[PDB]
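Protein chains in written order, with this note's numbering: chain R, 18 to 79; chain Y, -4 to 46.
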């Protein structure tokens, strides 16, 4: 009953600390992959893995 | 030739350069769509791009 809560607390704190280390090491804004104006760029997810680059062009150039 | 008007106030209204998009089609919501050439054939649309 208590050892489980202890393991949940440790894994949660361990992750939170890894979160602080990742935020300090990696900078989202300073990303080479990211380019262009942020208000211009768009984000699309749940895309099928078979979608060819040309297929995504023909669908988002419209 | 640019068009000049007189009412005095005078206007120039000169054209500079053209930009031609690709074939696009809008529904009621305003969604542009890529008209398959087949889609234009099927829906009796016109394969044209806005200028």
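Idealized CB from N, CA, C, for every residue including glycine.
- Annotated as proximal: residue 18(Y) and residue 30(Y), with beta-carbon spacing under 7 Å.
- With a contact defined as Cβ atoms closer than 8 Å, residue 28(Y) and residue 79(R) qualify at about 6 Å.
- Secondary structure note for residue 32(Y): its alpha helix (DSSP H) is the uninterrupted segment 32 to 38.
- Taking 7 Å as the upper bound on Cβ-Cβ separation, chain R lies near residues 17, 19, 27, 28 and 29 of the region 14 to 31 of chain Y.
- Against chain Y, the CB of residue 20(R) has no partner CB under 7 Å away; the residue lies outside that interface.
- Close to residue 75(R), with beta-carbon spacing below 7 Å, are these residues of chain Y in chain order: 29.
- With a threshold of 7 Å between beta carbons, residue 79(R) makes contact with chain Y.
- For residue 74(R), the uninterrupted alpha helix (DSSP H) run begins and ends at 70 to 77, by DSSP.
- With a threshold of 16 other beta carbon atoms within 10 Å, residue 46(R) falls short and is exposed.
- Contact between residue 16(Y) and residue 45(Y) holds, since their C-beta atoms are separated by about 5 Å, short of 8 Å.
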